[PDB]
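All values below come from the heavy atoms of this structure, side chains included, with hydrogens, waters and symmetry mates left out. Here is how names work: the chains are called A, B, and so on, in the same order as the sequence lines, proteins then strands, and each is numbered from 1.
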Amino acid sequence: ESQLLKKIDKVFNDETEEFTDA
Amino acid sequence: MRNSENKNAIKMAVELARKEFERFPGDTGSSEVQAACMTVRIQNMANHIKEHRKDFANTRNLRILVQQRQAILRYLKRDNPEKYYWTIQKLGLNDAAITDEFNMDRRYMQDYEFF
Amino acid sequence: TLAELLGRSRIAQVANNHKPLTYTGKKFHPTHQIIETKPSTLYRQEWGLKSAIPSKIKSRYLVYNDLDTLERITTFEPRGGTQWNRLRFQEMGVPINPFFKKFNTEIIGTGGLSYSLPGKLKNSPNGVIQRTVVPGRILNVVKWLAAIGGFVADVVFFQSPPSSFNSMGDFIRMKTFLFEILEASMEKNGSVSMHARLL
Amino acid sequence: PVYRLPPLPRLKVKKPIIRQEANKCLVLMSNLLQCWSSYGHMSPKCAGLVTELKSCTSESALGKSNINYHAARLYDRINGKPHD
Amino acid sequence: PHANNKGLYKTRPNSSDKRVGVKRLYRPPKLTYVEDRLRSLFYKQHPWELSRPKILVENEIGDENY
Amino acid sequence: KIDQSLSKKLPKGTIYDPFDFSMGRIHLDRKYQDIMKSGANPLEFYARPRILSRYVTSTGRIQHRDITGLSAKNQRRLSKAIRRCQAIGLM
Amino acid sequence: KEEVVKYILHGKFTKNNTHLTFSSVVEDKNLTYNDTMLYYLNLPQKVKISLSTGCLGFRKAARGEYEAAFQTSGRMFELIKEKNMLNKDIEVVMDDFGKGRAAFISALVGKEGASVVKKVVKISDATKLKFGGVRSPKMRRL
Amino acid sequence: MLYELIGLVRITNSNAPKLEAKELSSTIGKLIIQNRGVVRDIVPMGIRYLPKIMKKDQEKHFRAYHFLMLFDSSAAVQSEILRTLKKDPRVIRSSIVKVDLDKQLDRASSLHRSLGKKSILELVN
Amino acid sequence: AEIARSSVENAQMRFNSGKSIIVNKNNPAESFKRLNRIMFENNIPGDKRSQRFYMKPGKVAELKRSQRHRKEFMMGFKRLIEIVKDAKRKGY
RNA sequence: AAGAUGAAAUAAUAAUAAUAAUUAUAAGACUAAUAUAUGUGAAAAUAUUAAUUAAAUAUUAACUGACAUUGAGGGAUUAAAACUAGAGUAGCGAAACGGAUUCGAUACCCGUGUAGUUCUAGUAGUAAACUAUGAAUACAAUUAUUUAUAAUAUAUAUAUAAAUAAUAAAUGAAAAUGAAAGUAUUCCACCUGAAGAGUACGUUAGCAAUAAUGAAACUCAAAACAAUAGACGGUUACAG
Ligand SMILES: [Mg+2]
Ligand SMILES: [Mg+2]
Ligand SMILES: [Mg+2]
Ligand SMILES: [Mg+2]
Ligand SMILES: [Mg+2]
Ligand SMILES: [Mg+2]
Ligand SMILES: [Mg+2]
Ligand SMILES: [Mg+2]
Ligand SMILES: [Mg+2]
Ligand SMILES: [Mg+2]
Ligand SMILES: [Mg+2]
Ligand SMILES: [Mg+2]
Ligand SMILES: [Mg+2]
Ligand SMILES: [Mg+2]
Ligand SMILES: [Mg+2]
């Protein structure tokens, strides 16, 4: 659950390069 | 293995059966080894058919595989009777199960309570 | 033996190629070997190929892909145009060195377009020719583009186009101009890029 | 992909389409009528068209494909049929 | 008798060796010359040498003493 | 000016012939006028509607192999990918 | 408050009749983001003129003809004019390929619909096709 | 077995649309890891308009937060995950597809495999 | 709310069926021709005619085979006619 | 006014506001494009998506050492229709009831529409269940396409396989087949004029419908297949 939490926060909350496909 | 596909478990089972029936390392073609691997796959397909009783395609495949094991064991009896009797004893079958005509018919499935 | 002679025969001397004979893309250099015949052989439809070429062909030049096909014809075009471009370049006098001291397929230097060396003057009855003048045709309103001697070149003006350009418009190609071919290099694709100036 | 055909009784186009060149007279007439619709009737802005019309329709008001022949002539040669 | 490029010895015939290849004895062989590979290269390196017209009409192949 | 169809633009750096200044050249040009045409497996784009919306019609009908020009295998994979994309709420 | 964002001229051209329907798309300026977006996406509509060839006086087989549809389209345009409903942009919709569809087109692009055609912005097809679906009636052995 | 889930989470909270997708991913990942599973990727796709106005249960949607999750799990727990996805109002559309591992233990998601990155090792170099 | 109204137009345009076009003001008939080209290009009239009545799956299969054969026959015929024109031009 | 038709009319379309349109709910059944059934499957079948399980490919390596082929009887599966129970029933639709058409309508066409078509558990084991072509093996001249591998540097118009298409030879009453309808070998099934007749009787099986097995007397010099030339067609196209 710790790694899950770290990944979920970094991957979603941050204004990260998503795979918007345009 | 508990997270893997069932075919991988069957592959491991085939490996174990081969290593227990082989005449020497690398032996995969002797009648005893062929019968053992056929037995493993027969057990797997019998479980599948028990779960899927309307799967007539795979019921036909299972019938054909059982008859194939019968043919190879009949050859083994004609070729090496001592190894034949040892093999059928170790596989859970008797001589009648091998030598007698076996159409895996509805009467068999009723008499032996397959389902 | 027959095999050695076949390997040395004139048909064998033409390298195999199956590039389309009706290419509609960009032409930077020749793709097909031009085949020639003498008048005496042409009179008898003889071209050194397998089959007699049809009598309709009056030209003495063609290009071809296959000697014979399932359609019972030879795949050919009665055209030898790319030789006249090359010769016209030789008339211009503008030169374009790898001709001096496992296999590489890239074009070497000029791909046989010109073997003239750079620095030489053309003596004339007037005197040493200072610059090369050539007729040409402005193509379209755009560095403009000009058809000069079978090549498309870049036109630069002294100061601006004259009134004839916009007076004619898309018919500007109908009238002949004089150009000075400033220079001529060749790019990696094999295309010659001449720079000229209208006069 | 190449789609070879079986041996055919013939090689013929049913209704070969031809080069119907348009009559110059009708084009001139259409241009003149467009001019009269836009710039008014008996306008001087296209009297030339009128002149040209008058010049072209003066004597006469109105001023075949060979594919089947060559197809029939060449079918046996190009069809790629195997030898007898 | 020596291991192949994958390190495996050949101890029995493969399925190609066991097929009768009588058809190859009757198929007209493809004639090959290294010069043709070297003819293709030249004209890839000198595309404007293709613009030089060539005459394929032979004069007499026996008369050549080069 | 004249219609651009009736005129021929000779590109830059290209050799030409006098034939190119003719209606024959334009007519011959008219008569003789990608990612999936490659080693790429189209079944990996089932979650990429933009890519495989190029191989459909304005209404969404998969284009025949005569149009797409793909190999039979890649036509089958592309059709499978498009149908899967339609099923999973994309497309 | 009932604004009118646009109008919709719907045509239903079946084998035996053509049904034309003029409608107005009312909006209300004023509830979550999702509710508002949904409201705008499928905005309410209200029928204003409803016509078929029978209204024009054609009867039985005459209803499915070209002239009946043409005159019905003419009447539709006349009514759109008389009711003073040429204010907002029109969006034409066409729902089937009956023999009156070409009549509707000819009337609209012609002098009959010259008043209306200046205001149509979007023309679209709404033909309903089934992707499998229910079994159609058997062929008629005529 | 490696599986690739592609969820279409609803976004009702306009001011923070990602809020739903985060807790969806947390729930699914917790289930996977607590059921002797592994999560290899949680690749986020963006907010995108759905092709149609899709109606999950009794609420209509016009857009959704798309997200991808690559995870190694057994067949039973994969079916359980699909079951939970299908009966969740937050999720509009769901789909789980196998990624075959008969060749390579490591394999990237469909998006990265389409871009050219066949395995995660390339994606981290 | 205000940004909502900003995005309504984008969202509404997004849900396009692909069977709608914008009328050209100068020549409206040109637009209708474009729409009819879309109709034939999607076989919408043909599908609507074919869905009128039920056809048995065997008859559907044989009609499908017939139509595909006719298409391939036309392709081969066009290839042969192109060869005829080529050979005629070269003088064969 | 609608709906339908060739045109109309229908005991149960609409002023009780219909039809058309726009929404919203509900239910069943089906599976547009891709597409070629290409393929997969023993056949019957099978092409909206995903997963689980099972089967199916080629080539190399190693192994068994003829363990093979075919297959009476037997076994299994087997379209559509049909039946027995229980669910479901939106569309279609035997029967039935009406409206037309007609000399007549017992029909084609139109309207309501039961059974059935759907699902679950069974029974039944028949189709132009067809490639009207049983399975296996060895062999025989070409071409062109794909299709799938293996290379070699898009080019080798690259080799090796399968399929498809057109053929040589061969065969054949011919139509035609064409790698089998050829050359051979092995095993099985079946046929012996038409009609009576796939009928009767018997038996077996099945809930039934029926399925399987399957006669004889009587009568006749017929009966059939391919092709040929016409005639004809409410048969096509082109011209005049
Ligand atoms: Mg056996
Ligand atoms: Mg389909
Ligand atoms: Mg057998
Ligand atoms: Mg069927
Ligand atoms: Mg039934
Ligand atoms: Mg019942
Ligand atoms: Mg019902
Ligand atoms: Mg009905
Ligand atoms: Mg009758
Ligand atoms: Mg009826
Ligand atoms: Mg049964
Ligand atoms: Mg019967
Ligand atoms: Mg029978
Ligand atoms: Mg015979
Ligand atoms: Mg009977």
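Cation-pi check for E/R37 over C/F103 is met; the charged atom lies under 6.0 angstrom from the ring centroid and within 45 degrees of its normal. A cation-pi geometry, defined here as NZ or CZ lying under 6.0 Å from the six-membered ring centre and within 45° of its normal, holds between G/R135 and I/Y54. A cation-pi arrangement is found for F/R84 relative to F/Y46, the charged atom lying closer than 6.0 Å to the ring centre and inside a 45° cone about the ring normal.
Taking 4.0 angstrom as the limit, I/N43 places none of its side-chain polar atoms (N or O) nearer than this to OP1 or OP2 of J/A32. A sub-4.0 Å separation between OP1 or OP2 of J/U117 and a side-chain N or O of G/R135 is absent. Under 4.0 angstrom from either OP1 or OP2 of J/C92 there lies no side-chain N or O belonging to G/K130. Distances shorter than 4.0 Å separate none of the side-chain N or O atoms of F/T68 from OP1 or OP2 on J/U34. In this model, the phosphate group of J/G39 is not approached by any side-chain N or O of F/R76 to a distance below 4.0 Å at OP1 or OP2. Taking only side-chain nitrogens and oxygens, B/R106 never comes nearer than 4.0 Å to OP1 or OP2 of J/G75. In this structure, E/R12 reaches the J/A62 phosphate: one of its side-chain N or O atoms is under 4.0 Å from OP1 or OP2.
Look at the P atom in both J/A29 and J/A121: the space between them is 15 Å, to the nearest Å. Taking atom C1' in both J/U57 and J/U149, the straight-line distance is 11 Å, to the nearest Å.
Note: OH (I/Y54) to P (J/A80) measures 12 Å, nearest angstrom. The nearest whole Å value for the distance from the CG atom in B/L62 to the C1' atom in J/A76 is 12 Å. Rounded to whole Å, the distance from CG on E/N4 to P on J/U59 is 18 Å. If you measure from atom NZ of H/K98 to atom P of J/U49, you get 18 Å, rounded to the nearest angstrom.
Nucleotide J/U167 forms a Watson-Crick or G-U wobble pair with J/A141, both donor-acceptor distances falling under 3.5 Å.
In this strand, J/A17 does not stack on its neighbour J/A18 by the test of ring centres under 5.5 angstrom and planes under 30 degrees. Judged by ring centres under 5.5 angstrom and plane angles under 30°, J/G202 stacks onto its neighbour J/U203. Consecutive residues J/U149 and J/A150 stack, with base ring centres under 5.5 Å apart and planes meeting at under 30°.
Both G/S52 and F/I62 sit near RNA chain J, but only G/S52 has its closest nucleotide nearer the 5' end.
B/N58 places no side-chain N or O within donor-acceptor distance of the main-chain N or O of B/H48, the cut-off being under 3.5 Å.
The base of J/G6 is not paired with the side chain of G/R140 by any donor and acceptor separated by under 3.5 Å.
Side-chain contact check for B/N6 and B/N44: at least one donor-acceptor pair (N or O, by modelled atom type) lies under 3.5 Å.
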